[PDB]
>>> print(open('data.cif').read())   # mmCIF, N, CA, C and O atoms
data_final
loop_
_atom_site.label_atom_id
_atom_site.label_comp_id
_atom_site.auth_asym_id
_atom_site.auth_seq_id
_atom_site.Cartn_x
_atom_site.Cartn_y
_atom_site.Cartn_z
N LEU V 1 16.14 15.26 -10.22
CA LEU V 1 16.35 15.50 -8.77
C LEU V 1 15.42 16.59 -8.25
O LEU V 1 15.77 17.77 -8.25
N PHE V 2 14.23 16.19 -7.80
CA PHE V 2 13.26 17.14 -7.28
C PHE V 2 12.10 16.41 -6.59
O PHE V 2 11.86 16.61 -5.40
N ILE V 3 11.40 15.58 -7.35
CA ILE V 3 10.27 14.83 -6.81
C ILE V 3 10.71 13.95 -5.64
O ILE V 3 11.74 13.28 -5.69
N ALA V 4 9.91 13.97 -4.57
CA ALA V 4 10.21 13.18 -3.38
C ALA V 4 9.12 12.15 -3.12
O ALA V 4 8.10 12.45 -2.50
N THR V 5 9.33 10.93 -3.61
CA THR V 5 8.36 9.85 -3.43
C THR V 5 9.06 8.57 -2.99
O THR V 5 10.16 8.25 -3.44
N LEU V 6 8.41 7.83 -2.10
CA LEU V 6 8.96 6.58 -1.59
C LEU V 6 7.93 5.45 -1.66
O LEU V 6 6.96 5.45 -0.90
N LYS V 7 8.14 4.51 -2.56
CA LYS V 7 7.23 3.38 -2.72
C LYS V 7 7.81 2.11 -2.10
O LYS V 7 9.01 1.85 -2.21
N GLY V 8 6.95 1.34 -1.44
CA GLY V 8 7.40 0.11 -0.81
C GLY V 8 6.37 -1.00 -0.92
O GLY V 8 5.17 -0.75 -0.95
N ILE V 9 6.85 -2.24 -0.99
CA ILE V 9 5.97 -3.39 -1.10
C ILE V 9 5.94 -4.19 0.19
O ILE V 9 6.77 -5.08 0.41
N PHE V 10 4.97 -3.88 1.05
CA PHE V 10 4.82 -4.56 2.33
C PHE V 10 3.92 -5.78 2.19
O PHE V 10 2.75 -5.66 1.80
N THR V 11 4.46 -6.96 2.49
CA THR V 11 3.69 -8.20 2.37
C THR V 11 4.02 -9.19 3.46
O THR V 11 5.05 -9.09 4.14
N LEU V 12 3.13 -10.16 3.63
CA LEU V 12 3.29 -11.20 4.64
C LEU V 12 3.72 -10.60 5.97
O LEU V 12 3.64 -9.39 6.18
N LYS V 13 4.18 -11.46 6.85
CA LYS V 13 4.64 -11.04 8.17
C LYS V 13 5.98 -10.30 8.07
O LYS V 13 6.37 -9.57 8.97
N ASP V 14 6.66 -10.50 6.94
CA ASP V 14 7.94 -9.85 6.69
C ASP V 14 7.74 -8.49 6.02
O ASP V 14 8.67 -7.91 5.47
N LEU V 15 6.50 -8.00 6.07
CA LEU V 15 6.14 -6.72 5.47
C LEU V 15 6.94 -5.54 6.04
O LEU V 15 7.18 -4.57 5.33
N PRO V 16 7.35 -5.58 7.33
CA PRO V 16 8.11 -4.48 7.95
C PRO V 16 9.46 -4.23 7.28
O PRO V 16 10.51 -4.41 7.89
N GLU V 17 9.41 -3.81 6.01
CA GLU V 17 10.61 -3.53 5.22
C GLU V 17 11.82 -3.27 6.10
O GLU V 17 12.02 -2.16 6.60
N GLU V 18 12.63 -4.31 6.29
CA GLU V 18 13.83 -4.22 7.11
C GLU V 18 13.49 -4.33 8.59
O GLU V 18 13.92 -5.25 9.28
N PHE V 19 12.72 -3.36 9.07
CA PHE V 19 12.31 -3.33 10.47
C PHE V 19 11.26 -2.25 10.72
O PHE V 19 11.29 -1.58 11.75
N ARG V 20 10.34 -2.06 9.77
CA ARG V 20 9.30 -1.05 9.92
C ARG V 20 7.92 -1.68 10.06
O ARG V 20 7.13 -1.70 9.12
N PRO V 21 7.60 -2.22 11.26
CA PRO V 21 6.31 -2.85 11.52
C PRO V 21 5.22 -1.83 11.86
O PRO V 21 4.59 -1.92 12.91
N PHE V 22 5.02 -0.87 10.97
CA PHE V 22 4.02 0.17 11.18
C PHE V 22 2.61 -0.38 10.97
O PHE V 22 1.83 -0.49 11.92
N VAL V 23 2.29 -0.72 9.73
CA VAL V 23 0.97 -1.25 9.39
C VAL V 23 0.70 -2.58 10.10
O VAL V 23 -0.44 -3.04 10.14
N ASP V 24 1.75 -3.19 10.66
CA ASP V 24 1.61 -4.46 11.37
C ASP V 24 0.42 -4.42 12.32
O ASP V 24 -0.21 -5.45 12.58
N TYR V 25 0.11 -3.24 12.83
CA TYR V 25 -1.01 -3.07 13.75
C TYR V 25 -2.33 -3.46 13.09
O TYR V 25 -3.22 -4.00 13.73
N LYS V 26 -2.43 -3.19 11.79
CA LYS V 26 -3.64 -3.52 11.04
C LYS V 26 -3.81 -5.03 10.94
O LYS V 26 -4.93 -5.54 10.97
N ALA V 27 -2.69 -5.73 10.83
CA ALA V 27 -2.71 -7.19 10.74
C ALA V 27 -3.11 -7.81 12.07
O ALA V 27 -3.65 -8.92 12.11
N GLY V 28 -2.84 -7.09 13.16
CA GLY V 28 -3.18 -7.59 14.48
C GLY V 28 -4.19 -6.70 15.19
O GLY V 28 -4.33 -6.78 16.41
N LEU V 29 -4.88 -5.85 14.43
CA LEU V 29 -5.87 -4.95 15.01
C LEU V 29 -6.95 -5.71 15.77
O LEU V 29 -7.63 -5.15 16.63
N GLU V 30 -7.09 -6.99 15.46
CA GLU V 30 -8.08 -7.84 16.11
C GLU V 30 -8.02 -9.26 15.57
O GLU V 30 -9.05 -9.87 15.27
N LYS V 31 -6.81 -9.79 15.44
CA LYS V 31 -6.60 -11.14 14.93
C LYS V 31 -7.13 -11.26 13.50
O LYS V 31 -7.82 -12.22 13.16
N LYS V 32 -6.79 -10.28 12.67
CA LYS V 32 -7.22 -10.27 11.28
C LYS V 32 -6.54 -11.39 10.49
O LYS V 32 -5.92 -12.28 11.07
N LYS V 33 -6.66 -11.33 9.17
CA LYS V 33 -6.05 -12.34 8.30
C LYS V 33 -4.54 -12.38 8.50
O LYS V 33 -3.87 -11.36 8.41
N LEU V 34 -4.01 -13.58 8.75
CA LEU V 34 -2.58 -13.75 8.95
C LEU V 34 -2.11 -15.09 8.38
O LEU V 34 -1.48 -15.89 9.08
N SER V 35 -2.40 -15.32 7.11
CA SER V 35 -2.01 -16.56 6.45
C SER V 35 -0.76 -16.35 5.59
O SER V 35 -0.65 -16.89 4.49
N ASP V 36 0.18 -15.56 6.11
CA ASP V 36 1.42 -15.28 5.39
C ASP V 36 1.13 -14.68 4.01
O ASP V 36 1.96 -14.75 3.11
N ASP V 37 -0.05 -14.09 3.86
CA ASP V 37 -0.45 -13.48 2.60
C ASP V 37 -0.94 -12.05 2.81
O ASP V 37 -1.72 -11.53 2.01
N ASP V 38 -0.49 -11.43 3.90
CA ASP V 38 -0.89 -10.07 4.22
C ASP V 38 -0.14 -9.07 3.34
O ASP V 38 0.91 -8.56 3.72
N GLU V 39 -0.70 -8.80 2.16
CA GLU V 39 -0.08 -7.87 1.22
C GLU V 39 -0.70 -6.49 1.32
O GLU V 39 -1.92 -6.33 1.20
N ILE V 40 0.14 -5.48 1.53
CA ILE V 40 -0.32 -4.10 1.64
C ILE V 40 0.68 -3.14 1.00
O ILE V 40 1.88 -3.20 1.28
N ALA V 41 0.18 -2.27 0.14
CA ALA V 41 1.03 -1.30 -0.54
C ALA V 41 1.11 0.01 0.24
O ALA V 41 0.09 0.62 0.54
N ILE V 42 2.33 0.42 0.57
CA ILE V 42 2.54 1.66 1.31
C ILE V 42 3.37 2.65 0.51
O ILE V 42 4.50 2.36 0.12
N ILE V 43 2.79 3.82 0.26
CA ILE V 43 3.47 4.86 -0.51
C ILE V 43 3.48 6.18 0.25
O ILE V 43 2.43 6.67 0.67
N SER V 44 4.66 6.76 0.41
CA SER V 44 4.80 8.04 1.11
C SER V 44 5.10 9.16 0.12
O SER V 44 6.09 9.12 -0.61
N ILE V 45 4.23 10.17 0.11
CA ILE V 45 4.40 11.32 -0.78
C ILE V 45 4.53 12.61 0.01
O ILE V 45 4.48 12.61 1.24
N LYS V 46 4.70 13.72 -0.70
CA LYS V 46 4.84 15.03 -0.06
C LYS V 46 3.51 15.47 0.55
O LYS V 46 2.92 16.46 0.12
N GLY V 47 3.05 14.74 1.55
CA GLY V 47 1.80 15.07 2.21
C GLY V 47 2.01 15.69 3.58
O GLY V 47 1.41 15.25 4.56
N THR V 48 2.86 16.70 3.64
CA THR V 48 3.15 17.37 4.90
C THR V 48 3.77 16.40 5.91
O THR V 48 3.41 16.38 7.08
N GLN V 49 4.72 15.60 5.43
CA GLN V 49 5.39 14.62 6.27
C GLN V 49 4.42 13.53 6.74
O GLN V 49 4.10 13.43 7.92
N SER V 50 3.96 12.72 5.80
CA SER V 50 3.02 11.65 6.11
C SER V 50 2.96 10.64 4.96
O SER V 50 3.71 10.74 3.99
N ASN V 51 2.05 9.68 5.08
CA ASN V 51 1.89 8.66 4.04
C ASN V 51 0.51 8.01 4.13
O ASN V 51 -0.31 8.38 4.97
N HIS V 52 0.26 7.04 3.26
CA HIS V 52 -1.02 6.34 3.23
C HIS V 52 -0.82 4.86 2.92
O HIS V 52 0.21 4.46 2.38
N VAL V 53 -1.82 4.06 3.27
CA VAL V 53 -1.77 2.62 3.03
C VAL V 53 -2.82 2.20 2.00
O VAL V 53 -3.71 2.98 1.66
N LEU V 54 -2.71 0.97 1.52
CA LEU V 54 -3.65 0.44 0.54
C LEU V 54 -3.69 -1.08 0.59
O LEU V 54 -2.71 -1.75 0.26
N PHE V 55 -4.83 -1.63 0.98
CA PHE V 55 -5.00 -3.07 1.07
C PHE V 55 -5.08 -3.69 -0.32
O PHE V 55 -5.81 -3.21 -1.19
N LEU V 56 -4.31 -4.75 -0.54
CA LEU V 56 -4.29 -5.43 -1.83
C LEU V 56 -4.79 -6.87 -1.69
O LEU V 56 -4.41 -7.59 -0.77
N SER V 57 -5.64 -7.28 -2.63
CA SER V 57 -6.19 -8.63 -2.62
C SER V 57 -5.44 -9.52 -3.60
O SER V 57 -5.27 -10.72 -3.36
N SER V 58 -5.01 -8.94 -4.71
CA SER V 58 -4.28 -9.68 -5.73
C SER V 58 -3.60 -8.73 -6.72
O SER V 58 -4.27 -8.01 -7.46
N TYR V 59 -2.27 -8.73 -6.72
CA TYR V 59 -1.51 -7.87 -7.61
C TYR V 59 -0.81 -8.68 -8.70
O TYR V 59 -0.50 -8.16 -9.77
N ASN V 60 -0.56 -9.95 -8.41
CA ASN V 60 0.11 -10.83 -9.37
C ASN V 60 -0.83 -11.20 -10.51
O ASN V 60 -1.71 -12.05 -10.35
N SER V 61 -0.64 -10.57 -11.66
CA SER V 61 -1.47 -10.83 -12.83
C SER V 61 -0.87 -10.21 -14.08
O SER V 61 -0.21 -10.89 -14.87
N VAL V 62 -1.10 -8.91 -14.27
CA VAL V 62 -0.58 -8.20 -15.43
C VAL V 62 -0.63 -6.69 -15.22
O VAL V 62 -1.10 -6.21 -14.19
N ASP V 63 -0.12 -5.93 -16.20
CA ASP V 63 -0.10 -4.47 -16.12
C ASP V 63 -1.41 -3.91 -15.58
O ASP V 63 -1.44 -2.82 -15.01
N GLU V 64 -2.50 -4.66 -15.76
CA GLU V 64 -3.82 -4.23 -15.29
C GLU V 64 -3.75 -3.61 -13.90
O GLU V 64 -4.52 -2.70 -13.57
N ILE V 65 -2.81 -4.09 -13.08
CA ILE V 65 -2.64 -3.56 -11.73
C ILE V 65 -1.34 -2.77 -11.60
O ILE V 65 -1.19 -1.95 -10.70
N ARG V 66 -0.40 -3.04 -12.50
CA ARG V 66 0.89 -2.35 -12.49
C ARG V 66 0.70 -0.84 -12.59
O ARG V 66 1.23 -0.08 -11.78
N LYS V 67 -0.07 -0.41 -13.58
CA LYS V 67 -0.33 1.01 -13.79
C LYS V 67 -1.36 1.51 -12.79
O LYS V 67 -1.32 2.67 -12.38
N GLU V 68 -2.28 0.63 -12.39
CA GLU V 68 -3.32 0.99 -11.43
C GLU V 68 -2.71 1.32 -10.07
O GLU V 68 -3.19 2.22 -9.38
N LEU V 69 -1.67 0.59 -9.69
CA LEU V 69 -1.00 0.82 -8.41
C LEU V 69 -0.08 2.03 -8.49
O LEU V 69 0.01 2.82 -7.55
N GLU V 70 0.61 2.17 -9.63
CA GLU V 70 1.52 3.29 -9.83
C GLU V 70 0.80 4.61 -9.63
O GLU V 70 1.31 5.52 -8.98
N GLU V 71 -0.41 4.71 -10.19
CA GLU V 71 -1.21 5.92 -10.07
C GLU V 71 -1.73 6.07 -8.64
O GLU V 71 -1.65 7.14 -8.05
N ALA V 72 -2.24 4.97 -8.10
CA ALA V 72 -2.76 4.96 -6.74
C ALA V 72 -1.72 5.45 -5.74
O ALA V 72 -2.05 5.94 -4.66
N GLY V 73 -0.45 5.32 -6.12
CA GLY V 73 0.63 5.76 -5.25
C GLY V 73 0.89 7.25 -5.35
O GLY V 73 1.19 7.90 -4.35
N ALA V 74 0.77 7.79 -6.56
CA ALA V 74 0.99 9.22 -6.78
C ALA V 74 0.38 9.68 -8.09
O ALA V 74 1.10 9.96 -9.06
N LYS V 75 -0.94 9.76 -8.13
CA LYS V 75 -1.65 10.20 -9.33
C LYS V 75 -2.06 11.67 -9.21
O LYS V 75 -1.61 12.38 -8.31
N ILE V 76 -2.90 12.12 -10.13
CA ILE V 76 -3.36 13.51 -10.14
C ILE V 76 -4.57 13.71 -9.23
O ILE V 76 -4.64 14.67 -8.47
N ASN V 77 -5.54 12.80 -9.32
CA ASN V 77 -6.75 12.89 -8.52
C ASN V 77 -6.56 12.25 -7.14
O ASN V 77 -6.18 12.93 -6.19
N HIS V 78 -6.81 10.95 -7.04
CA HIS V 78 -6.67 10.24 -5.78
C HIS V 78 -7.52 10.87 -4.69
O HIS V 78 -8.15 11.91 -4.90
N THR V 79 -7.55 10.24 -3.52
CA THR V 79 -8.32 10.74 -2.39
C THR V 79 -9.80 10.87 -2.76
O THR V 79 -10.50 11.74 -2.24
N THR V 80 -10.26 10.00 -3.65
CA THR V 80 -11.66 10.02 -4.09
C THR V 80 -12.46 8.93 -3.38
O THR V 80 -13.67 9.07 -3.19
N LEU V 81 -11.78 7.86 -2.99
CA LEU V 81 -12.42 6.74 -2.30
C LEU V 81 -13.20 5.85 -3.28
O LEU V 81 -13.80 4.85 -2.87
N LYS V 82 -13.20 6.22 -4.56
CA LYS V 82 -13.91 5.44 -5.57
C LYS V 82 -13.10 4.21 -5.96
O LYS V 82 -13.55 3.08 -5.76
N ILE V 83 -11.91 4.43 -6.51
CA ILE V 83 -11.05 3.33 -6.92
C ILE V 83 -10.81 2.38 -5.75
O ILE V 83 -10.62 1.18 -5.94
N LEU V 84 -10.83 2.93 -4.54
CA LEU V 84 -10.64 2.13 -3.34
C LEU V 84 -11.83 1.20 -3.13
O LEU V 84 -11.67 0.06 -2.70
N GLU V 85 -13.02 1.70 -3.45
CA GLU V 85 -14.24 0.92 -3.30
C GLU V 85 -14.23 -0.27 -4.26
O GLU V 85 -14.81 -1.32 -3.98
N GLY V 86 -13.56 -0.09 -5.40
CA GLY V 86 -13.48 -1.16 -6.39
C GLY V 86 -12.49 -2.23 -6.00
O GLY V 86 -12.63 -3.39 -6.39
N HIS V 87 -11.48 -1.85 -5.22
CA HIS V 87 -10.46 -2.80 -4.77
C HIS V 87 -10.82 -3.37 -3.40
O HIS V 87 -10.84 -4.59 -3.22
N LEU V 88 -11.09 -2.49 -2.45
CA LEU V 88 -11.44 -2.91 -1.10
C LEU V 88 -12.88 -3.43 -1.04
O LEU V 88 -13.34 -3.76 0.07
#
>>> encode(input="data.cif", output="structure tokens")
Amino acid sequence: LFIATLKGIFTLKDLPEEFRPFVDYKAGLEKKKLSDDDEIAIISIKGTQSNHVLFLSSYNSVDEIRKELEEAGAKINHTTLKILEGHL
């Protein structure tokens, strides 16, 4: 009982976990991709009351992305833009 982290799996048009259509703007920022496959990982950490997003192209496979996403959500380094260049 100490660490404060919130991970969520936002996907398709039903991505607004319950009723949180935040990133929804990105899906409609200009008639972007909307083939019911809009998958985006959203993780909120102790960033002075804030969070970050992460576009995903394919997560269904194996641990190869399981651990890769876990770290991307709350790792030691991050904010490098390198790993993002490999995915995005």
>>> resolve_selection(input="data.cif", expression="the PyMOL selection byres ((chain V and resi 21-37) around 8)", output="list in words")
residues 10, 11, 12, 13, 14, 15, 16, 17, 18, 19, 20, 38, 39, 40, 53, 56, 57 and 58 of chain V
>>> atom_distance(input="data.cif", atom1="CA of residue 55 (chain V)", atom2="CA of residue 81 (chain V)")
12.8 Å
>>> closest_residue(input="data.cif", among="V:71, V:63, V:84, V:6", to="residue 51 (chain V)", atoms="all atoms listed in the file")
V:6
>>> axis_aligned_box(input="data.cif", around="region 79-84 of chain V", padding_each_side="3 Å", output="lines of an AutoDock Vina configuration file")
center_x = -10.7
center_y = 5.9
center_z = -4.6
size_x = 12.4
size_y = 17.7
size_z = 10.7
>>> residues_around(input="data.cif", residues="residue 79 (chain V)", least_positions_apart="5", cutoff="12 Å", atoms="only C-alpha atoms", output="list in words")
residues 47, 52, 53, 54, 71, 72, 73, 74, 84 and 85 of chain V
>>> select_by_dssp(input="data.cif", residues="chain V", states="helix (DSSP H, G or I)", output="PyMOL selection string")
chain V and resi 24-27+63-74+82-87
>>> residues_around(input="data.cif", residues="residue 7 (chain V)", least_positions_apart="2", cutoff="8 Å", atoms="only C-alpha atoms", output="PyMOL selection string")
chain V and resi 5+9+42-44+73
>>> atom_distance(input="data.cif", atom1="CA of residue 4 (chain V)", atom2="CA of residue 60 (chain V)")
26.7 Å
>>> select_by_dssp(input="data.cif", residues="chain V", states="strand (DSSP E)", output="list in words")
residues 6, 7, 8, 9, 10, 40, 41, 42, 43, 44, 52, 53, 54 and 55 of chain V
>>> atom_distance(input="data.cif", atom1="atom C of residue 41 (chain V)", atom2="CA of residue 3 (chain V)")
18.8 Å
